[PDB]
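Participant:
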Ligand SMILES: [Cl-]
Ligand SMILES: [Mg+2]
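Residue numbers (the authors' numbering), protein chains in the order written: chain S, 3 to 233; chain P, 1 to 244; chain X, 1 to 195; chain Z, 1 to 111; chain O, 1 to 250; chain R, 1 to 117, 125 to 242; chain U, 2 to 242; chain T, 2 to 244; chain Q, 1 to 240.
1) Along the beta strand (DSSP E) that carries residue 72 of chain T, what are the first and last residues, could you check?
2) Could you tell me which chain Q residues have their CB closer than 9 Å to the CB of residue 6 of chain O, listed as they occur along the chain?
3) Can you list, in chain order, every residue whose CB sits closer than 6 Å to a heavy atom of ligand 1?
4) Sorry if obvious, but does the Cβ on residue 55 of chain Q come closer than 7 Å to a heavy atom of ligand 2?
5) Under 6 Å Cβ to Cβ from residue 152 of chain T, same chain only, skipping five residues before and after it: list those, please.
6) Any heavy atom of ligand 2 closer than 7 Å to the Cβ of residue 126 of chain X?
7) Compare the beta carbon distance of residue 64 of chain Z and residue 72 of chain Z with 8 Å and say whether it is the shorter of the two.
8) Could you work out which residue in O:184, O:171, O:129 is closest to residue 26 of chain O when comparing CA atoms only?
9) Should residue 118 of chain X be counted as a contact of ligand 2 given a C-beta to heavy atom distance under 7 Å?
10) DSSP on residue 17 of chain T, reduced to helix/strand/coil?
11) Exposed or buried, residue 103 of chain Z, counting other C-beta atoms within 10 Å across all chains shown (16 or more means buried)?
12) Does residue 140 of chain R come within less than 8 Å of chain P when only Cβ atoms are used?
13) Measure the CB-CB distance between residue 109 of chain X and residue 41 of chain X and report whether it falls below 8 Å.
14) For the stretch 14-27 of chain T against the stretch 176-191 of chain T, do three or more pairs of beta-carbon atoms, one drawn from each stretch, fall closer than 8 Å, so that the two count as touching?
15) Cα separation between residue 6 of chain U and residue 196 of chain S?
16) Can you give the Cα-Cα distance for residue 225 of chain Q and residue 75 of chain X, rounded to whole angstroms?
17) I'd like the ranges of any alpha helix (DSSP H) spanning at least 4 consecutive residues and lying wholly in the stretch 159-219 of chain O.
18) Select from T:243, T:63, T:184 the residue whose C-alpha is nearest the C-alpha of residue 1 of chain T.
19) Identify every residue that forms a DSSP beta bridge with residue 8 of chain X.
20) Between residue 239 of chain U and residue 199 of chain U, how many whole angstroms is the CB-CB distance? I'm expecting something under 8 Å.
21) According to DSSP, is residue 212 of chain S helix, strand or coil?
22) Would you identify the three-state DSSP class for residue 214 of chain T, choosing helix, strand or coil?
23) Would the stretch 105-113 of chain T count as touching the stretch 8-16 of chain T if we require 3 or more Cβ pairs under 8 Å?
24) Below 6 Å CB to CB, which residues in the same chain sit around residue 5 of chain R once its five sequence neighbours on both sides are set aside?
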């Protein structure tokens, strides 16, 4: 009310309203799902279009050969943060000849988002991210929020109507976690999960966007006729 | 953050006016009147001191009239402290020009640069403008005797006779009445004093409440002299014209 | 670059400048004009380090032309020379100084007098009746000490200048491919085409 | 005084055919009259069917190859996984080398 | 972080007033009375030592300060603001004058430099004006003895005699009656003590009054001998005993 | 007042949303993409008849293979175009090739959010960037001051945008010829324009692989206007 | 009314932020006292440890600035520690630059000038503390100098600070009226501490245990604080008289 | 009024309302504690299991500074991380210049001055965390608790978060019943109990226990996490006490 | 440095600071530009509330940017000096690097770019000035007349006016100016320009300034008597 003019101001109950309004931009964004087994990690993203004449907004971004994310909210902010991740992954490779741990990737994003919430003039990032990766400790899935809070999960979903997919994954937890050495079946579980967040619209060939990373699988994105298999 | 406390000094009103410039002019309109009159053979600068006290040291004082170089002087109306900042800048600018070209600075060039500084304070930087209006009286070999004025807006114009500060409306009407083009310095001296004598808010105009200066070619052969009048010299010129 | 001369007479200033541009063992050009018009009644000839000369001349030219537009008034030759000297005086204590020597010939319209200024790359200004830069001076100064008179005409000044060029062509080691002569007077600047 | 350059010796060789190309190089690495390694490769696969070698001062050669490999990586990121053509790679390497025109990479490069 | 206040905190109001300067003058009005009187052969400056507590040692707090050997200063208003101004005023006398000309500045020019500092606090970003008015008494060879007043605006005026602060209106009236152009220094000290008694309420002695003069040169206060041209400081602070002697024949 | 980079309670940047309102006030610009080329057309909208309409430059060349049309506060587009042109030429210098249309658009969109308390406010102009490259062929992009860009088969921006976009929805198909697309831009422009459409108050342009980016002459556009009127009267 | 939020003048010539910083001084609800002996300067302060979980040894408002200078603070601990760290740095730098130990009164002035800057510059707030500096100066002898948020400072014969400061002040005033001198005419510092505690007991009207007080003593060439047992020994001496 | 809208502004009371508002964010956060023992310190924290989808043991909240200091906090988790990152820089420069690892009281002031600095300007926000931290140095064991204002003290026991009053009460009993001292292995078991007892103030979502410790004898003066058999032993002890 | 975003968007999509700068232009004295077949003429109003002026030394309303291009303006006088100075510097800089004087389009584009930069730069307000830039390109006989405004937009005009009561004089020009046949001679162009100002000015004494620009750096300002002859001629023909 009087305490939402900028990010430097606390409310009387101890809230940061500008951070909460940035969080609101994510809820308006299109749904995206993340899930993993012990061998692979999968991102499934519902892309959104302006109209029938427009293209479908690309949700998934590659960060390295072993890591990448999907976005929900302000796409330019995702570009800034993904670019920072690309540089940090790359710094780890050039200097230490070391693939950046998915856990450290999260820690770095948290600290970058935090600085924007404590200084005058700037603003919080207006986007949520789902980072997947395969490193020296197996498959990983992270959930980034622009408050700074990063969380490691077996599965999750963010965006509009993400509660439907998140409930499904909470039920299916015991099943999909043990889909080891089988990419297609793990994707199927992710495609079925995102389907629980659909209303009126269904998954078409240029609407769906899938990405996968794993033990002997680099981070690759599937769009167009390549995802027709999973409809 | 600090946005909360910013007055925003350099913005436009809905009518297309600069608030701070307009208010700075309102400040200047309460300052002691200063008159400049340009004759064919010289220039007069007259200025009324702001409500003098009897214990003020009059002879070793400088409030209104300042020397920029040997050929140019200014009469001040507004904040003295602000004027002195601008004067020291103008004095330096004159010496930079002399150092560069080995020639005394043309009056208009000095005026323009000083006016350009004032302009800057109205367009950028977020600071308050200088609450000062100048009357420039000077001579160069191009245009001869020249009178200019500049104000907080950074706008300057040339004049034959002009007033700044208090009661300029009344003063400008009286100058417009009695001024003519073939006028001499001694006549202009008389006009300047007569104008102040009528427009003054004081009961009677006296020597101790005045600063006076002339820029004549009254030196020996083709050269300009600046005369900042002493107290006794103002007393004598006031008797000579029949005001006291 | 090499030979630049200047002679101030009764009613004009005459500047002579060599046409050769040499690099290594090759004369690349034999028609080079080593001068710029700073203003309608002010001409500057120049000589020195390759590249620096033209870069400096044009830089000065731009500044004087800028002044002329701003004030709608031509600067006096004395004023232009003082500006040029100060630029060279700054230059000499820079990281990389302009290695350029100049002669400034002008006609002061207020005084109705011709004026010749000699300024070296250090910023050493002198007003002279006749001037030269480089090795040229070692011949021309003594020659002009003898033959020059202060009340000479422009035509007499050109014959006096021919006498200098002939001496230089006789005793200088390098072929400088003749000179471009220009006259500065009350009516402005003009070039002598047949010299 | 400290000398920042060295000579690690070796030699490289590139030949082009009609539908193929070879880039060869010996595996010896030396300093003065001593052998450092009998097997230290200096011909690298840089991705997009580009092979590269920078022979001379090995530290500078390794730095350049490392920078070009990284240049290829960022070309994919910034231009939608587009394949870097051999002519485009060559021009990119010119800018890498000329960037140090006044403190050179002491290497003769072949791709 | 960083000073984001790069804008003026003193601006013109619609009526043409500079609010913060007016308010700074109001703070000076609340301040304790101080005064200055100029004689033919000297200048006197004086003020009351308002003690914050009787346990406090009022000797340690110096309201009258030496700026140069021939220039002194006193104030009315906010003491801390005065203290920093004296520090800056002393330093500027060296940096902008003595280190250039090898001699101390004349009174009018030092005053000018102090005024410049006070004017900048009126226009610069993120600062308020100084909440003090200074009275600066001094001597120099070519101008002789002089007395100046400096206000929060940066304006300064020369005075034969004046007073500032609490009871300045009454004190100025008192000085107008007593002042003439033939006053000797001792006569001016006498008048200063008479004028100051009116504004002081409690105790009136050498321990509650601070008084200094700009008079003759003091070779005994120089600290060395051997240079004939160096004859000592004209600024002298009167002792507690020296004041009480003149209070008996009052 | 309030911060420049402030979020609203709904989760949008105030200044970005306000700049979008400025773009709605701007003159109409339409783009249509085909397999034979991409066509760009704009409404000139002269404020007075004394204004020489040929000096109104609302269609602009970035490189030989990339063109650009604008709508909104068109003065703001100058620095965006300057950046685009430099980006295109600079990429050609570094890589000895033409730059991808998408990569160019992305480079322009990186300027968009570089504002705050960098420039003082967002851009008040939207851009239609049309071009061709070897990889993805003929392309049309809509670049906003939010930093977002969408690819489009066809797109209208400006004052008559919502009305024109609905018309493009029905009329566009994947087998449109270039000539058909030219007429379609003219047709839709004439529908949404206030004043009557002619060669002086409307301008056409296109980009083809063979001939590159070309702004049409007033003589060439006039014939396409005359061809359009005849075809509508013919049924 | 934004003239009450930052350090600019109000219409009546006041700085409200400075005045409110003075009120922050008493937020801790602690009373301090300082007195001078012949050879020493003693400072005492109340010590209140409400929470049982607190480590009482770490609860302190007295600071050792340099070897010779000691400082007690009245105000919140964050601002107290801010001032302490700065004073320590200033005292150390002074010694390095000028080749002798910083005097108590000079440090007090320096900290006061810093406090003054915060009253004039807008972006910096004043510190809500009153700093009482004590030492045995090699030139001036036993010294007490006190700084506040306004940037004011002065020397003292003796002084007191806190909520019940005025009661302690008048108690000391009445003693120096009687004794007719500027100090505590006493040889050992041990008895000067006993004087300080006794007169605080009389003024405040409360009794003290060993853990209710905190004592700092300045002698020639060193300033030191007393332990709980050093104070207990001192309390026993008062009780047996 | 309006005194609470800007940081570093004194109210007429002499209070900085913005700092007090940051304390509310701390009170909102999960419970965390610290227990000082014979020859070291023990830290414990409540981790709320929001969902089955959270990976157990893989969202670590306790952080290490240098090799001998442990830090835990309640409130805005990112703000706590920012503070630890500074702590690590402060500890690194101390060791760089002075060779020895940073003493705990020395380290405590480095954080204290940094947090206090964020109450001096309106261009920054106060920290939304109370930080419990400590370790073992040359002078022995030290436990500290640092608040948004920059205020810190040494502690025998410390607690903060939503269940601070419950934990404080339980801590006060340990101080009374063990005047001679508590052992390191005991303190781990007690820490578990106190978190379980303090969970009663946050009992909607079930939780995950996380403990760490420094001890001169048990961990050789270094900071380690409690895991495996020793962790499960502490959980079982806590489970037995609630029933 | 002072950073504040003074020029910003409002809910309705307007930048008020730019629009309020246009109001300052509307307050300024009238200025008119009319281009003929072989010339351009710049007419300017001078308010007659100022007597006892010194017209020798008073800044002239029309300013030379180079020997072949001129700039008149309406709005804040102090602001106009800054634009003119920058334009004059750029004109000499262009000659120095391109070895060719600026085109009128280029010089306009530069000035317009400066004006635009002040609408989205921190700490600055927009220029309260609109300009009419007129002249002839190097080695070209086609007349050029351009207009700029605070927002930064610029465009070419057959004839145009700006300043106070400009909408009245624009109305006059819109019916009196024929595109198919512009003023064939200098006299015809000057007369049309004076006629258009006489709809607004007051008296045709020392209130109207006229400056004629012709090809190849041929610029001259008309004197009082020369202008007064056009005023006398127009009034006699009017009485009909
Ligand atoms: Cl200091
Ligand atoms: Mg020489």
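Ideal Cβ positions, reconstructed from N, Cα and C, are used throughout, including at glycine.
Facilitator: From the atom records:
1) 70-76
2) In chain order: 1, 2, 3, 4, 123.
3) U:111, U:114
4) no
5) none
6) Yes - ligand 2 has a heavy atom lying nearer than 7 Å to the Cβ of residue 126 of chain X.
7) no
8) O:129
9) yes
10) coil
11) exposed
12) no
13) yes
14) Too few Cβ pairs lie closer than 8 Å, so no.
15) Here the alpha carbon of residue 6 of chain U sits roughly 52 Å from the alpha carbon of residue 196 of chain S.
16) Their Cα atoms are separated by approximately 31 Å.
17) 168-178, 185-199
18) Outside the shown range of chain T (2 to 244) lies residue 1 of chain T, about which nothing can therefore be said.
19) X:13
20) 6 Å
21) strand
22) strand
23) no
24) 116
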